[PDB]
Each structure stands twice: as C-alpha cells, then as structure tokens.
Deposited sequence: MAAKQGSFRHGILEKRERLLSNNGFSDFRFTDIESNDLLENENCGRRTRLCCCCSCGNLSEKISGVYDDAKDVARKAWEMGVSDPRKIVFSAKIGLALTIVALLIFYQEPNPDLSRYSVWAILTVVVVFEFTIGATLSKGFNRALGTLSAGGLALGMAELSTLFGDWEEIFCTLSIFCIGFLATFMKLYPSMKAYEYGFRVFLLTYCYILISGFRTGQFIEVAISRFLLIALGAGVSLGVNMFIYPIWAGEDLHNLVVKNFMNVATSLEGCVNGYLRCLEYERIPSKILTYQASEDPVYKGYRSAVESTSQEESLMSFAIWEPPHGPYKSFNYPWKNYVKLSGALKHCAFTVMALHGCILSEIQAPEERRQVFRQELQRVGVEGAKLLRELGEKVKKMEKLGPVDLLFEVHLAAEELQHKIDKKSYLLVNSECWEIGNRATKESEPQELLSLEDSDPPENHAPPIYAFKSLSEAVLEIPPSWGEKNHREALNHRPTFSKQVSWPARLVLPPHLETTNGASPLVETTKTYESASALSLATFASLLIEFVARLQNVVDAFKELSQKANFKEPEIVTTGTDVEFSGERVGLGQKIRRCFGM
C-alpha cells in the first residue's frame, strides 16, 4: 500500500487523475439546467470515464477505437433490423426475439476464434448495444432518439477522459519499451555472473524476465504506434520494430545462460577439486561478458553509436585462453585406461558440458552487436563523444 506508493510515485498520479475527471463530470451533472430527457439519461457520462481511462495514451487511443467500432456497427444493425421488422406485421415480437438468437450465436462463435482472443471487449460491447437498442425501443417505437442522445453523452465522457489523460503528466508506451530493453540488458549480465560464481563456489530472475517478456514487448509496440511525436523520438515513423529485433537477439543468448543454470541443478556433478583447476579462465570469461553486456546497455540508454574500438577483442582473447587451458588438461575429462563405474565417468564428463556452454555463449554474443548496429543506423543516434 503506502510502501508501494512511496516506492513508485507513478501510481499515485493516475488515481488522482481519474478522481479529477470523475469529479469534473459529476460537477457538470449536478450543476446543469434541468430538462426532462437529460435527467434520466445523464448518468451515461460518468460511467464512460470508468470504462475508457487506461494507463497509457496509446492503448486509450487503440481500444477506444475498437469500442466505438463495435458500438456503431451494432447500433446500425439494430436500427436496420428494427425497421425491417415492420413488414411481418402479425408477428413483430416473434421476429425480434428470433433475431437476438441469431446475433448472440454469431457473436459468440466469432469471439472463440484463436486470432480474436485479445478483442473480447469489442464483441461484448457489440452484443450489449444490439440487445439494448432492440429491447429499449419496442415500447413507444422510438429507435432514432434512444441512440442519438445516449451517444453525445458518451462522446463527452470520452473527451473529458482523453483531455485529462493527455494534458496532465502523460505516460507513454514507447518509454516503457525503451526502458525494458535497458533493464533486460542488465539482468542478463547479473544472471551470467551469478551463475559462474555459483558454479565455482567452494541467477534466475534475470534470465526468466529476459526470456518471458516478449508479449509485453509486443503489446507495448502495438500501443506505441498510435502516439504522436514527442520528446527525443521526433519522427513520423519511428523504428520501434528494431527494439524487438534487438530483444530477440539478446534472448537467443539468454537461452545459453538458462542452460548454464540448469547445469548447476543436475543430479550428476563433478568433483570440486577438478573444477578448481580451470578456476581462472571461467571467471575472466564471465567478467568480460558482463562488462560487454553492461556497455551495450549503457550505450542503448544514452542513444550513442558504437565507437571505433572493437568491443569483442578481450572476450575472444579470454575464450581462446580457455580453449588452450582445456586442451592442456583434457586428461582429466576422460579415462584412457579403457581405450580401444559409470557415475564417476559421467561426473568427470560433466565439466566439459559447462565449458562448451560458456564457449557457445561467447560464440553467440556477435549477433547482438550486429543487431545493435542495425538499430543505431535505422534511427539517427548521436555521434559518440
């Protein structure tokens, strides 16, 4: 509660913005000139604020659009069917009650398609609008006055919501993706260092977050394409997809780290005294990889191009040194006596897996640099100082 508000102050301004919009609409409802029709249909404006106010501007824009589509299509269809119902003079209510079944069936069958799982809020508004207009106009045969009035109030509630959301400390969806990429770049480095230290001792959250947030990075990219130019990102078409490409290149590397963490939990493990022979090349490889990942993160955050010096030189030097050390001492990995128990053979052969995995991680590091260069070229990044 209070501890969470003090930890993050971005969650105490959104609630007060919603309270302010609600108080404004309420003041306009209480302090208005009395009239017969408004009196009974005036609560339709304070209930739209509670249904259209979202955390970011892009979603607010993207979802309000779908809801409006659902509403206008349902209203037009309902009005057309209500007009057509007259022809069957003898059985008006039979046809009207036979149209609800066919529309509920079609609207429930079209929302179970696997590609429409994220759009159920647009099918619910369609069913609600269709039913309400048919069941609310049967008495007094008024179908063009029960919609034109009840739509202006919804428009006014959505206008107040959008104005308050957009002009009082806006929160943007491209600034949560630019930040998420930088956070993942540091989590992967922390996980790698923790894994190498845990293995050499006499790690989970980082790679789990960097391997499981692809959907967050696709929703934020589907919300950031609706927002107008602002701040440092001033261009009509911003290359938002290159951030997803860089994130995918980093997750491909993070799989190796997940496998190195799995190696620590394996039932079959190697004698520590044998691990302490290669104790000096794994920590150097880890330190160099973590430093490289943190330098890439820092460059991405400050939006600067890569300088001339090749950042992969020291890591490749440390990996070649690892390879040489493994080559000199390969007599500890196998047993030449049997050349032509099994638990001790597997325990011995378990160290080579860890070394080969570290080596593969290094061999993969290059794709992330290539993706970063592509991103820094598509978007005009500042020249390094």
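Several segments of the deposited sequence have no coordinates for C-alpha: 1-76, 279-297, 436-526, 572-598, numbered from the first residue.
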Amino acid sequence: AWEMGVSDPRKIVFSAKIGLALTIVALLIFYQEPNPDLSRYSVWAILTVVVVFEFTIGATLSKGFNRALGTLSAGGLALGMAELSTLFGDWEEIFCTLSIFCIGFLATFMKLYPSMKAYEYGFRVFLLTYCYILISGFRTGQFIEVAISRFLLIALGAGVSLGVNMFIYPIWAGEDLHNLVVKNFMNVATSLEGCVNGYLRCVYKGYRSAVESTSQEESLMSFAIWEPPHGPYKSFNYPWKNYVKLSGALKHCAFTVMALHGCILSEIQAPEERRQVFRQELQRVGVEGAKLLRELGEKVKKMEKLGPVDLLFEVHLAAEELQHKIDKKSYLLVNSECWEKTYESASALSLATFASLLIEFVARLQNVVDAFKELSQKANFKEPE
From here on, numbers count along this sequence of modelled residues.
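For the two forms, the rigid core is made up of the largest set of C-alpha atoms that agree within 1.5 Å on superposition.
Rigid core fits of the other structures in 8 other deposited structures of this protein place the C-alpha atoms of one stretch farther away on average; of 260-268 and 94-102, that stretch is 94-102. Superposing the other copies on the rigid core and comparing 348-356 to 32-40, farther C-alpha placement in 8 other deposited structures of this protein marks 32-40.
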